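Peer 1: Here it is, the structure in full.
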2 protein chains.
Amino acid sequence: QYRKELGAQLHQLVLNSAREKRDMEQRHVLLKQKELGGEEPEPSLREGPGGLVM
Amino acid sequence: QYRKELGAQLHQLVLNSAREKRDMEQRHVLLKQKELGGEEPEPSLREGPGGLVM
């Protein structure tokens, strides 16, 4: 009884995960193709606690 | 004089190409992410010369 109760929760969790990670895959192949930058990281100048943070 | 003349056609051909392999690359990651199927190849039963071809 514990075994079928758990298993049936388990099937939904790994189906949920298969959908979840396949969407991540659809965004990553999309990032790589369209938004993948070649330049170095760039610091960001802003206002902050007792003057500007960078 | 031959060098610089040829070099102008040479660069344009590889600018043309540099686009070219970017289009193949651009379709191939669209194909790979979204339409890439795991089922086995299936023949096509279509009429040909002499009767049915598959």
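Here the Cβ is made from the backbone with ideal geometry for all residues, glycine too, and neighbour counts use every protein chain on show. Values quoted throughout were computed directly from the atomic coordinates according to the rules given, and no laboratory measurement underlies them.
Peer 1: Select from segment A:1-35 the residues that are away from chain B (no Cβ under 14 Å) and acidic (D, E) and list them in ascending order.
Peer 2: Scanning segment A:1-35 gives A:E5, A:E20.
Peer 1: Still on this structure, I have one more. Consider segment B:11-32. How many of its residues are among the small types (G, A, S) and either within 13 Å of the chain's Cα centre (by Cα) or on the phi > 0 side of the Ramachandran plot (or both)?
Peer 2: Looking only at segment B:11-32, we keep the residues that are among the small types (G, A, S), and these are B:17-18.
Adding the requirement that they be either within 13 Å of the chain's Cα centre (by Cα) or on the phi > 0 side of the Ramachandran plot (or both) leaves B:17.
Residues meeting the conditions: 1.
Peer 1: Listed residues B:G51, B:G38; which is within 14 Å of chain A (Cβ to nearest Cβ) and more than 19 Å from the chain's Cα centre (by Cα)? Talk me through it step by step, then tell me what you get.
Peer 2: Working: B:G51 fails: within 14 Å of chain A (Cβ to nearest Cβ).
Being within 14 Å of chain A (Cβ to nearest Cβ) and more than 19 Å from the chain's Cα centre (by Cα) holds for just one of B:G51, B:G38, which is B:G38.
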